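*Asks:* Below you will find the structure I want to go over with you.
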Amino acid sequence: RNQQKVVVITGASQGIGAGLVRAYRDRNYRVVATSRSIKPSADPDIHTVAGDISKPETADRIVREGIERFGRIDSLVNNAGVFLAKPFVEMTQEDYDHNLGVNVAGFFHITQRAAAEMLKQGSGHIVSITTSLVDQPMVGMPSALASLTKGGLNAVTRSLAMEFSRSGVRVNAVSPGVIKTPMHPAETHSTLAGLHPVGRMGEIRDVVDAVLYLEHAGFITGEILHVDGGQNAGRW
Amino acid sequence: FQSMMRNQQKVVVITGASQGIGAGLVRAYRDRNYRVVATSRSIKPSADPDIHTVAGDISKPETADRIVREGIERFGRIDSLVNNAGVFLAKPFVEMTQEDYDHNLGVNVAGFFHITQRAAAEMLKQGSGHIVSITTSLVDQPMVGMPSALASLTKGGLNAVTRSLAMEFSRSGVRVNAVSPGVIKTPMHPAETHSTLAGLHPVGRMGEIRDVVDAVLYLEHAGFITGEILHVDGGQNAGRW
Amino acid sequence: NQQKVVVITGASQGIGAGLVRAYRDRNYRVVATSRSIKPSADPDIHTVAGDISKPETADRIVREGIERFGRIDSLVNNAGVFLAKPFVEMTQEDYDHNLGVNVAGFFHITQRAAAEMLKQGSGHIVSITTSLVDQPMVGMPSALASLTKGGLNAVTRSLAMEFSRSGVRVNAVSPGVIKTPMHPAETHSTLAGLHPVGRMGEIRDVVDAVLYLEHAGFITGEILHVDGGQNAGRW
Amino acid sequence: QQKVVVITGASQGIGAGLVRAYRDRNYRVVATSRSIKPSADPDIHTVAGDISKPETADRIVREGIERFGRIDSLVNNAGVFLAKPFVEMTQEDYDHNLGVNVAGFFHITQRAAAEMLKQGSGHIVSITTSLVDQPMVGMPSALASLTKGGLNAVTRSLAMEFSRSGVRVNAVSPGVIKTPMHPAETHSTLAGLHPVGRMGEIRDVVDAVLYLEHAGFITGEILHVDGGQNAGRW
């Protein structure tokens, strides 16, 4: 039990976030969980850390506090993220700074710090949560900042997979379709379902299972795994 | 009730089931309590009553018929199909013969095509199914020094039809996926070749039967995935090493 | 014999004839084939009639071309068929016909041509696939176009790698729905709508794509989509 | 009456090849770079600036609208490239790469696009890199993959967005191109980074851009001009 692997999960307060915290706990990992807003936990194997993930300082804190508490860092799930649907010509300098802060710098900084720790242990797993919009964008869903920002995460997943190829660190991505959260109003479900060839929305368990499959799949790196009800496969 | 649940278990057809990857899928499917129709050119019958064995040339329409017929006769339903039968040839393209062409077309394409047509007819009929094919990462990432035009042709075909049929069967409850392995450690790969075959992956080691098997079973239970190609390949598909 | 020589398959109708003309205009001699092709007045176009599924047709084509023109420099695989049909309905005859034209058609000539191109240390082989390979559609059931042309996209990357160090380049052009005579103006309205740009392609679009690949010496193993955006996302 | 093209990173060798090729086609050209001397040619308007700044995009577009009355085409060719282990990358490496590679595409594209949308017609092409789709062991470049990889995907995303508006959006993904930046003692090594075993020439990329410029039925396409890099492992 001081033998358990430690995962760092970002955006841990959100809907997929909690689901991931719970599932990693269920698979005998200790968790360092991080959010803008996260509150401390009863569970002595869940260490929470609150901070703005886009700030280099926050990343420094996550890992430092994680090493001090548990003795190591083995995995990282990059789940901090914002989405914005807006016509490209209408986006403002504020829309830009906000997406580049959360989706890009909030990947880059912990990923760098967590990777240092793994490289030195000769072992690890980085998984980032991306979006099927990267590979398959849609007419009627304008989100140029999502493609820019998440598409860079797909490509850097493959790049780091190569860079860390002989080091024992594996680097993967899960690209979901539209996932039912509380923050998605009940009225919007008929049309959101219709965004997927299968005609259902995703469920949190769908994505969480993909992450845990990749966590335990020791021959998989550089892989982008689509959990999107068919979205990436073709046009519906 | 538990007896009721046994006599009504999911049913998978597994092709190329005799050894290596296929024989591993049989056991893994049994471990999750599927019943199994295992086929191979020469599979011997099993002592497990929940494995039905059917010996035959998978490239013939008549074998596909039989597999499903005897499948239905013995278990009443067909839920899933793993196209695992496959041949692989390494040969410069300009030296490939008519015989090589027929052999690969037959097993890799006709093999896939007939059983898939018949299994899908049943899955459509009952409104739910899973079809998964085993392909190669040479489809998406071929390599200088590994000349295998026929594998690309035939397996590249399976990759494309996997997405095609995922769209066609979108509204029917039938999911369609592939697993695209790297070079997997099998008895048919003698020890002398292992260190060479290992450097065929960015990660510098060979794949295991367990890796490919777990990918198929993960797709099997992943009710929100269709038309997906899951590369299990030590990073081959990701980039150049 | 200074003029480069191209073999163009499915030369008779549609893209293929557009292709003969384009390559003639760039000073190539042409060996042109299809089931029904008729002899040409042009001394620089030699026609060969035959069923491209048969190894004998390929054998004729290459040897007749080496006879008249003394070499082979390029091959454009443009013979092809297409069948819209529910997968569970496809028949043995549907299977043999598609495999024969789409796959065997490609294999025999590509093999004989590639051998000539390898000995010389130079060549270009380009194949016409379809955007349904990467981007198939709900309501366009074509399992056989996918098996068939998908194998061509993949073999394109494969032979690109294999001929890598030899100076032979292998590419593919993957069109959307292209406006031939074969499509009644009844259909045009419906077919335009299978592209994000809401426009059918012209023959010019595909032909210029082939001619571009043919003069782009640093491109190999590429799939160039000429598809009004079909491959790029969901409309 | 002549079409108008904006070309970023116009002082680089690719940049200068593009300027000439578009002039050979009778376009008027707005050419920007950090340092670019004014032009003799009434038909080439140069704007000096740092493209990482939004202010610079504003100026480029309004100056082209001022001089020539329209913008038909945008070529994003500004770029930097850093080879460095991911774990050694500094705040300054980061801000630099994000500035030139992402911001340097984004603002200029947003302004040129507003103009093209108004006329109902246009072309946006961006020069990315083969490392996005085919990264290489021993070429560590996380920031290049992060920045140019966003470019590829926005390329397909804007092709869908502008789909019914008459604006085409495409990309050219080159291999290693023979440039003054690469000394001759290095060529034999860079050649080996393509399955084909040679480096590219300026004209290979330039023709690719001009081909896409004249190809009215292509949008959302990444065209790989890379000696086979994207196609497989060599």
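Numbering starts fresh at 1 for the residues of each chain in the structure tokens, the chains themselves are lettered A, B, ... in the order given, and ligands are numbered from 1 as they appear.
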Residues of chain D no more than 6 Å from chain A, counting only C-alpha atoms: send them over as a list in words.

*Replies:*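 Those within range of chain A come out as residues 87, 110, 132, 135, 137, 140, 142, 145, 146, 147, 149, 150, 153, 154, 157, 160 and 161 of chain D.
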
*Asks:* Write out as CSV a residue-level contact list of chain C versus chain B with cut-off 6 Å: for each qualifying residue the closest pair of atoms and the distance in Å to one decimal, counting only C-alpha atoms, rows sorted by chain and residue number upward.

*Replies:*
residue,atom,partner,partner_atom,distance
C:88,CA,B:117,CA,5.5
C:111,CA,B:94,CA,5.5
C:133,CA,B:160,CA,5.8
C:136,CA,B:164,CA,5.4
C:138,CA,B:167,CA,5.2
C:143,CA,B:161,CA,5.8
C:146,CA,B:161,CA,5.1
C:147,CA,B:157,CA,3.8
C:150,CA,B:157,CA,4.8
C:151,CA,B:153,CA,3.9
C:154,CA,B:156,CA,5.2
C:155,CA,B:152,CA,5.2
C:158,CA,B:142,CA,5.4
C:161,CA,B:144,CA,5.2
C:162,CA,B:144,CA,5.5

*Asks:* Residues of chain A near chain B: apply a cut-off of 7 Å, count only C-alpha atoms, and supply the list as a list in words.

*Replies:*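 Putting it all together, I get residues 158, 162, 165, 166, 197, 198, 202, 206, 217, 219, 220, 221, 222, 223, 225, 226, 227, 228, 229, 230, 233 and 234 of chain A.
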
*Asks:* I need the residues from that last selection saved to file as an mmCIF file, in the first residue's frame (with C-alpha atoms), if you can.

*Replies:*
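out_1.cif written:
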data_model
loop_
_atom_site.group_PDB
_atom_site.id
_atom_site.type_symbol
_atom_site.label_atom_id
_atom_site.label_comp_id
_atom_site.auth_asym_id
_atom_site.auth_seq_id
_atom_site.Cartn_x
_atom_site.Cartn_y
_atom_site.Cartn_z
ATOM 1 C CA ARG A 158 2.706 11.135 -30.638
ATOM 2 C CA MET A 162 8.714 8.784 -29.656
ATOM 3 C CA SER A 165 10.225 5.619 -26.466
ATOM 4 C CA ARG A 166 13.222 3.897 -24.851
ATOM 5 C CA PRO A 197 -23.441 8.059 -35.924
ATOM 6 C CA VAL A 198 -24.712 5.643 -33.212
ATOM 7 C CA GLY A 202 -21.283 9.112 -24.372
ATOM 8 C CA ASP A 206 -17.042 4.992 -21.520
ATOM 9 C CA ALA A 217 -1.954 -1.817 -21.709
ATOM 10 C CA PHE A 219 2.436 -2.303 -25.265
ATOM 11 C CA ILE A 220 0.464 0.894 -26.194
ATOM 12 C CA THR A 221 2.099 4.292 -26.791
ATOM 13 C CA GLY A 222 1.461 7.186 -29.105
ATOM 14 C CA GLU A 223 -2.057 5.944 -29.479
ATOM 15 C CA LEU A 225 -8.129 6.093 -28.890
ATOM 16 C CA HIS A 226 -11.515 7.331 -30.149
ATOM 17 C CA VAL A 227 -14.468 6.833 -27.816
ATOM 18 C CA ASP A 228 -16.878 8.834 -29.885
ATOM 19 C CA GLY A 229 -19.766 6.650 -31.001
ATOM 20 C CA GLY A 230 -18.438 6.486 -34.571
ATOM 21 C CA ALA A 233 -14.965 6.673 -38.613
ATOM 22 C CA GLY A 234 -16.934 8.614 -41.324
#

*Asks:* Restrict the calculation to only C-alpha atoms, then for each residue of chain D with any atom at most 6 Å from an atom of chain C give the closest atom pair and their distance in Å to one decimal, rows by chain and rising residue number, as a Markdown table.

*Replies:*
| residue | atom | partner | partner_atom | distance |
| --- | --- | --- | --- | --- |
| D:156 | CA | C:232 | CA | 5.4 |
| D:163 | CA | C:197 | CA | 5.3 |
| D:164 | CA | C:197 | CA | 5.6 |
| D:195 | CA | C:164 | CA | 5.7 |
| D:196 | CA | C:164 | CA | 5.2 |
| D:217 | CA | C:228 | CA | 4.8 |
| D:218 | CA | C:226 | CA | 5.3 |
| D:219 | CA | C:229 | CA | 4.9 |
| D:220 | CA | C:232 | CA | 5.1 |
| D:225 | CA | C:219 | CA | 5.3 |
| D:227 | CA | C:218 | CA | 5.0 |
| D:228 | CA | C:220 | CA | 4.9 |
| D:231 | CA | C:221 | CA | 5.1 |

*Asks:* For the selection just defined, write its residues with N, CA and C atoms to a file, as a PDB file, in the first residue's frame.

*Replies:*
ATOM      1  N   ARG D 156      -8.315  21.854 -41.068  1.00  0.00           N
ATOM      2  CA  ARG D 156      -9.512  21.119 -41.402  1.00  0.00           C
ATOM      3  C   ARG D 156     -10.799  21.744 -40.788  1.00  0.00           C
ATOM      4  N   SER D 163     -16.764  26.382 -45.367  1.00  0.00           N
ATOM      5  CA  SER D 163     -17.227  25.432 -46.333  1.00  0.00           C
ATOM      6  C   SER D 163     -18.249  25.968 -47.377  1.00  0.00           C
ATOM      7  N   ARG D 164     -19.318  26.594 -46.873  1.00  0.00           N
ATOM      8  CA  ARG D 164     -20.330  27.151 -47.771  1.00  0.00           C
ATOM      9  C   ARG D 164     -20.095  28.623 -48.028  1.00  0.00           C
ATOM     10  N   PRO D 195      12.659   9.037 -46.613  1.00  0.00           N
ATOM     11  CA  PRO D 195      12.875   7.684 -47.113  1.00  0.00           C
ATOM     12  C   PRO D 195      13.576   7.728 -48.432  1.00  0.00           C
ATOM     13  N   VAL D 196      13.253   8.752 -49.173  1.00  0.00           N
ATOM     14  CA  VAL D 196      13.833   9.054 -50.466  1.00  0.00           C
ATOM     15  C   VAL D 196      15.352   9.417 -50.471  1.00  0.00           C
ATOM     16  N   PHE D 217     -11.369  22.762 -56.116  1.00  0.00           N
ATOM     17  CA  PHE D 217     -12.183  21.728 -55.489  1.00  0.00           C
ATOM     18  C   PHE D 217     -11.463  21.133 -54.259  1.00  0.00           C
ATOM     19  N   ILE D 218     -10.299  21.674 -53.907  1.00  0.00           N
ATOM     20  CA  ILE D 218      -9.578  21.211 -52.713  1.00  0.00           C
ATOM     21  C   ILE D 218      -9.687  22.125 -51.506  1.00  0.00           C
ATOM     22  N   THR D 219     -10.152  21.575 -50.390  1.00  0.00           N
ATOM     23  CA  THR D 219     -10.169  22.273 -49.108  1.00  0.00           C
ATOM     24  C   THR D 219     -10.000  21.278 -47.997  1.00  0.00           C
ATOM     25  N   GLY D 220      -9.359  21.701 -46.933  1.00  0.00           N
ATOM     26  CA  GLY D 220      -9.106  20.848 -45.825  1.00  0.00           C
ATOM     27  C   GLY D 220      -8.071  19.808 -46.081  1.00  0.00           C
ATOM     28  N   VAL D 225       4.768  17.254 -48.722  1.00  0.00           N
ATOM     29  CA  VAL D 225       5.819  17.401 -49.752  1.00  0.00           C
ATOM     30  C   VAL D 225       7.083  17.049 -48.982  1.00  0.00           C
ATOM     31  N   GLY D 227       9.264  13.831 -49.264  1.00  0.00           N
ATOM     32  CA  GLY D 227      10.231  12.792 -49.597  1.00  0.00           C
ATOM     33  C   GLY D 227       9.787  11.439 -49.058  1.00  0.00           C
ATOM     34  N   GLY D 228       8.464  11.292 -48.837  1.00  0.00           N
ATOM     35  CA  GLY D 228       7.922  10.085 -48.237  1.00  0.00           C
ATOM     36  C   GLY D 228       7.818   9.970 -46.703  1.00  0.00           C
ATOM     37  N   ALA D 231       4.532   8.722 -45.115  1.00  0.00           N
ATOM     38  CA  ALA D 231       4.001   7.484 -45.654  1.00  0.00           C
ATOM     39  C   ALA D 231       4.408   6.244 -44.839  1.00  0.00           C
TER      40      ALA D 231
END

*Asks:* Tell me, counting only C-alpha atoms, for each residue of chain D within 10 Å of chain B, which pair of atoms is nearest and how far apart they are in Å to one decimal, in rows ordered by chain and increasing number, as CSV.

*Replies:*
residue,atom,partner,partner_atom,distance
D:131,CA,B:239,CA,8.4
D:132,CA,B:239,CA,9.3
D:133,CA,B:239,CA,7.3
D:134,CA,B:239,CA,4.7
D:135,CA,B:239,CA,4.9
D:136,CA,B:240,CA,4.7
D:137,CA,B:241,CA,5.1
D:138,CA,B:241,CA,8.1
D:139,CA,B:240,CA,10.0
D:193,CA,B:240,CA,9.9
D:195,CA,B:144,CA,7.9
D:229,CA,B:240,CA,8.4
D:230,CA,B:239,CA,8.7
D:231,CA,B:141,CA,6.8
D:232,CA,B:141,CA,4.5
D:233,CA,B:143,CA,4.6
D:234,CA,B:144,CA,4.9

*Asks:* Just N, CA, C and O atoms for this one: save the residues we selected as a compact mmCIF listing (two decimals), in the first residue's frame.

*Replies:*
# COMPACT_ATOMS: atom_id res chain seq x y z
N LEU D 131 6.79 16.57 -39.07
CA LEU D 131 6.87 16.09 -37.69
C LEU D 131 5.56 16.03 -36.95
O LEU D 131 5.49 15.36 -35.92
N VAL D 132 4.52 16.70 -37.46
CA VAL D 132 3.23 16.67 -36.80
C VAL D 132 2.66 15.27 -36.90
O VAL D 132 2.22 14.69 -35.91
N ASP D 133 2.65 14.72 -38.13
CA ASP D 133 2.05 13.40 -38.35
C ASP D 133 3.09 12.29 -38.26
O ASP D 133 2.78 11.19 -37.87
N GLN D 134 4.35 12.62 -38.57
CA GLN D 134 5.44 11.64 -38.42
C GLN D 134 6.63 12.14 -37.55
O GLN D 134 7.71 12.40 -38.09
N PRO D 135 6.45 12.25 -36.21
CA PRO D 135 7.56 12.67 -35.34
C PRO D 135 8.61 11.57 -35.36
O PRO D 135 8.27 10.42 -35.67
N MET D 136 9.85 11.92 -35.05
CA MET D 136 11.00 11.03 -35.21
C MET D 136 11.77 10.94 -33.91
O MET D 136 12.13 11.96 -33.33
N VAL D 137 12.10 9.70 -33.51
CA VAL D 137 13.03 9.46 -32.44
C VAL D 137 14.32 10.20 -32.79
O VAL D 137 14.78 10.16 -33.95
N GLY D 138 14.88 10.94 -31.83
CA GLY D 138 16.17 11.57 -32.05
C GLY D 138 16.01 12.94 -32.65
O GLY D 138 17.02 13.61 -32.96
N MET D 139 14.75 13.36 -32.86
CA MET D 139 14.43 14.75 -33.27
C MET D 139 13.46 15.32 -32.24
O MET D 139 12.27 15.49 -32.49
N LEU D 193 17.04 11.88 -43.69
CA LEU D 193 15.85 11.96 -42.89
C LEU D 193 14.54 11.82 -43.76
O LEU D 193 13.43 12.10 -43.28
N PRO D 195 12.66 9.04 -46.61
CA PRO D 195 12.87 7.68 -47.11
C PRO D 195 13.58 7.73 -48.43
O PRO D 195 14.40 6.90 -48.75
N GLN D 229 8.33 10.94 -45.95
CA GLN D 229 8.24 10.87 -44.47
C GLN D 229 6.92 10.44 -43.87
O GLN D 229 6.88 9.70 -42.87
N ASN D 230 5.81 10.91 -44.43
CA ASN D 230 4.52 10.71 -43.76
C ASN D 230 4.01 9.31 -44.05
O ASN D 230 3.20 8.77 -43.31
N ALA D 231 4.53 8.72 -45.12
CA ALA D 231 4.00 7.48 -45.65
C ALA D 231 4.41 6.24 -44.84
O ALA D 231 3.70 5.25 -44.89
N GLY D 232 5.56 6.25 -44.18
CA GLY D 232 5.95 5.07 -43.41
C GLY D 232 7.31 5.17 -42.72
O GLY D 232 7.87 6.25 -42.63
N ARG D 233 7.84 4.05 -42.25
CA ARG D 233 9.11 4.04 -41.50
C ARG D 233 10.28 3.58 -42.39
O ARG D 233 10.22 2.52 -43.01
N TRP D 234 11.31 4.41 -42.45
CA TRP D 234 12.49 4.13 -43.25
C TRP D 234 13.78 4.02 -42.35
O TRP D 234 13.82 4.67 -41.27

*Asks:* With only C-alpha atoms as the atoms that count, which of C:30, C:20, C:140, C:11 lies nearest to chain A?

*Replies:*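 For chain A, the nearest of the candidates is C:140.
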
*Asks:* Calculated over only C-alpha atoms, which of the candidates A:169, A:186, A:21, A:204 has the smallest distance to residue A:33?

*Replies:* A:21

*Asks:* Please provide the set of residues having any atom within 10 Å of residue D:198, restricted to only C-alpha atoms, with same-chain residues fewer than 4 positions apart removed, written as JSON, numbers by chain.

*Replies:* {"C": [165, 218], "D": [175, 176, 177, 178, 187, 188, 189, 190, 191, 192, 193, 194, 226, 227]}

*Asks:* For residue A:132, please output as a ChimeraX atom specification all residues within 9 Å (counting only C-alpha atoms; exclusion window: fewer than 6 positions along the same chain).

*Replies:* /A:174-178,226-228,231-232

*Asks:* Please provide as a PDB file with N, CA and C atoms, in the first residue's frame all residues within 12 Å of residue D:33, with the sequence filter that same-chain residues fewer than 5 positions apart are discarded (counting only C-alpha atoms).

*Replies:*
ATOM      1  N   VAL D   6      -1.289  37.814 -49.273  1.00  0.00           N
ATOM      2  CA  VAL D   6      -0.472  38.112 -48.100  1.00  0.00           C
ATOM      3  C   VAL D   6       0.414  36.906 -47.820  1.00  0.00           C
ATOM      4  N   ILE D   7       1.692  37.140 -47.619  1.00  0.00           N
ATOM      5  CA  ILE D   7       2.600  36.070 -47.363  1.00  0.00           C
ATOM      6  C   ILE D   7       3.385  36.449 -46.157  1.00  0.00           C
ATOM      7  N   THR D   8       3.301  35.605 -45.128  1.00  0.00           N
ATOM      8  CA  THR D   8       4.056  35.856 -43.925  1.00  0.00           C
ATOM      9  C   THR D   8       5.415  35.160 -43.980  1.00  0.00           C
ATOM     10  N   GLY D   9       6.344  35.557 -43.111  1.00  0.00           N
ATOM     11  CA  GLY D   9       7.702  35.004 -43.151  1.00  0.00           C
ATOM     12  C   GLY D   9       8.312  35.127 -44.563  1.00  0.00           C
ATOM     13  N   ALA D  10       8.188  36.303 -45.171  1.00  0.00           N
ATOM     14  CA  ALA D  10       8.517  36.457 -46.566  1.00  0.00           C
ATOM     15  C   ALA D  10      10.001  36.671 -46.802  1.00  0.00           C
ATOM     16  N   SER D  11      10.778  36.789 -45.750  1.00  0.00           N
ATOM     17  CA  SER D  11      12.210  36.982 -45.897  1.00  0.00           C
ATOM     18  C   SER D  11      13.018  35.692 -45.913  1.00  0.00           C
ATOM     19  N   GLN D  12      12.394  34.641 -45.474  1.00  0.00           N
ATOM     20  CA  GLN D  12      12.953  33.330 -45.497  1.00  0.00           C
ATOM     21  C   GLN D  12      13.014  32.952 -46.967  1.00  0.00           C
ATOM     22  N   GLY D  13      13.773  31.917 -47.286  1.00  0.00           N
ATOM     23  CA  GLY D  13      13.918  31.415 -48.632  1.00  0.00           C
ATOM     24  C   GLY D  13      12.676  30.878 -49.296  1.00  0.00           C
ATOM     25  N   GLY D  15       9.738  31.893 -48.234  1.00  0.00           N
ATOM     26  CA  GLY D  15       9.059  33.178 -48.323  1.00  0.00           C
ATOM     27  C   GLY D  15       9.375  33.880 -49.623  1.00  0.00           C
ATOM     28  N   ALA D  16      10.647  34.016 -49.952  1.00  0.00           N
ATOM     29  CA  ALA D  16      10.990  34.748 -51.172  1.00  0.00           C
ATOM     30  C   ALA D  16      10.565  33.998 -52.467  1.00  0.00           C
ATOM     31  N   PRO D  38      11.863  47.990 -47.860  1.00  0.00           N
ATOM     32  CA  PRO D  38      10.750  48.372 -48.771  1.00  0.00           C
ATOM     33  C   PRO D  38      10.939  47.840 -50.213  1.00  0.00           C
ATOM     34  N   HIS D  45       3.985  45.210 -51.758  1.00  0.00           N
ATOM     35  CA  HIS D  45       3.980  46.103 -50.613  1.00  0.00           C
ATOM     36  C   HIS D  45       4.540  45.291 -49.449  1.00  0.00           C
ATOM     37  N   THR D  46       5.602  45.785 -48.830  1.00  0.00           N
ATOM     38  CA  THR D  46       6.217  45.102 -47.706  1.00  0.00           C
ATOM     39  C   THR D  46       5.842  45.778 -46.389  1.00  0.00           C
ATOM     40  N   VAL D  47       5.636  44.979 -45.346  1.00  0.00           N
ATOM     41  CA  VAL D  47       5.283  45.482 -44.040  1.00  0.00           C
ATOM     42  C   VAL D  47       6.256  44.792 -43.053  1.00  0.00           C
ATOM     43  N   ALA D  48       7.096  45.560 -42.357  1.00  0.00           N
ATOM     44  CA  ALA D  48       8.007  45.018 -41.336  1.00  0.00           C
ATOM     45  C   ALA D  48       7.250  44.936 -40.039  1.00  0.00           C
ATOM     46  N   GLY D  49       7.447  43.811 -39.344  1.00  0.00           N
ATOM     47  CA  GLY D  49       6.754  43.573 -38.078  1.00  0.00           C
ATOM     48  C   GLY D  49       7.059  42.193 -37.485  1.00  0.00           C
ATOM     49  N   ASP D  50       6.710  42.061 -36.215  1.00  0.00           N
ATOM     50  CA  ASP D  50       6.816  40.832 -35.474  1.00  0.00           C
ATOM     51  C   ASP D  50       5.393  40.236 -35.471  1.00  0.00           C
ATOM     52  N   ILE D  51       5.212  39.091 -36.151  1.00  0.00           N
ATOM     53  CA  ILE D  51       3.872  38.495 -36.373  1.00  0.00           C
ATOM     54  C   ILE D  51       3.251  37.899 -35.120  1.00  0.00           C
ATOM     55  N   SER D  52       4.030  37.742 -34.054  1.00  0.00           N
ATOM     56  CA  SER D  52       3.505  37.182 -32.791  1.00  0.00           C
ATOM     57  C   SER D  52       2.514  38.131 -32.114  1.00  0.00           C
ATOM     58  N   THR D  56       0.272  43.572 -35.269  1.00  0.00           N
ATOM     59  CA  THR D  56       0.879  43.375 -36.596  1.00  0.00           C
ATOM     60  C   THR D  56      -0.095  42.846 -37.669  1.00  0.00           C
ATOM     61  N   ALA D  57      -0.933  41.891 -37.285  1.00  0.00           N
ATOM     62  CA  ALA D  57      -1.952  41.389 -38.202  1.00  0.00           C
ATOM     63  C   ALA D  57      -2.818  42.531 -38.697  1.00  0.00           C
ATOM     64  N   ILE D  60      -0.957  44.740 -41.335  1.00  0.00           N
ATOM     65  CA  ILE D  60      -0.791  44.028 -42.587  1.00  0.00           C
ATOM     66  C   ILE D  60      -2.080  44.092 -43.419  1.00  0.00           C
ATOM     67  N   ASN D  76       0.380  31.457 -44.672  1.00  0.00           N
ATOM     68  CA  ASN D  76       1.113  31.448 -43.405  1.00  0.00           C
ATOM     69  C   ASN D  76       2.419  30.699 -43.473  1.00  0.00           C
ATOM     70  N   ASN D  77       3.512  31.434 -43.584  1.00  0.00           N
ATOM     71  CA  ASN D  77       4.798  30.823 -43.707  1.00  0.00           C
ATOM     72  C   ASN D  77       5.758  31.199 -42.583  1.00  0.00           C
ATOM     73  N   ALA D  78       5.288  31.874 -41.552  1.00  0.00           N
ATOM     74  CA  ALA D  78       6.182  32.348 -40.486  1.00  0.00           C
ATOM     75  C   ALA D  78       6.291  31.149 -39.569  1.00  0.00           C
ATOM     76  N   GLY D  79       7.463  30.926 -38.980  1.00  0.00           N
ATOM     77  CA  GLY D  79       7.697  29.726 -38.207  1.00  0.00           C
ATOM     78  C   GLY D  79       9.056  29.754 -37.558  1.00  0.00           C
ATOM     79  N   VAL D 100       5.398  32.907 -32.249  1.00  0.00           N
ATOM     80  CA  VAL D 100       5.547  32.882 -33.687  1.00  0.00           C
ATOM     81  C   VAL D 100       4.620  31.796 -34.368  1.00  0.00           C
ATOM     82  N   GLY D 104       1.142  33.758 -34.351  1.00  0.00           N
ATOM     83  CA  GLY D 104       1.608  34.272 -35.624  1.00  0.00           C
ATOM     84  C   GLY D 104       0.808  33.730 -36.813  1.00  0.00           C
TER      85      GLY D 104
END

*Asks:* Applying 10 Å and only C-alpha atoms, which residues near residue D:72 remain after dropping the ones on its own chain fewer than 5 positions away? List them as JSON, numbers by chain.

*Replies:* {"D": [2, 3, 4, 5, 6, 27, 28, 112, 113, 115, 116, 117, 119, 120, 121, 122, 123, 124, 167]}

*Asks:* Pick from C:148, C:135, C:27, C:57: nearest to chain A, with only C-alpha atoms counted?

*Replies:*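 Looking only at the distances to chain A, the closest residue turns out to be C:135.
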
*Asks:* Any chance you could list, as a ChimeraX atom specification, the residues in stretch 30-207 of chain C that come up helix (DSSP H, G or I) when DSSP is run on the backbone?

*Replies:* /C:55-69,87-89,92-120,143-162,164-166,185-192,203-207

*Asks:* At what distance in Å, to one decimal, does atom CA of residue B:9 lie from atom CA of residue B:134?

*Replies:*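 The value is 23.7 Å.
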
*Asks:* Rounded to one decimal place, report the atom CA of residue B:107-atom CA of residue B:209 distance in Å.

*Replies:*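 These atoms are spaced 20.9 Å apart.
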
*Asks:* For atom CA of residue A:10 and atom CA of residue A:38, determine how far apart the two atoms are, in Å to one decimal place.

*Replies:* 10.4 Å

*Asks:* Between A:48, A:94, A:182, A:195, single out the one closest to chain C, counting only C-alpha atoms.

*Replies:*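 Ranking A:48, A:94, A:182, A:195 by distance to chain C, first place goes to A:195.
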
*Asks:* Would you kindly return, as a PyMOL selection string, each protein, DNA or RNA residue with an atom no farther than 6 Å from any atom of residue C:9, considering only C-alpha atoms and excluding same-chain residues fewer than 2 positions away?

*Replies:* chain C and resi 11+33+77-79
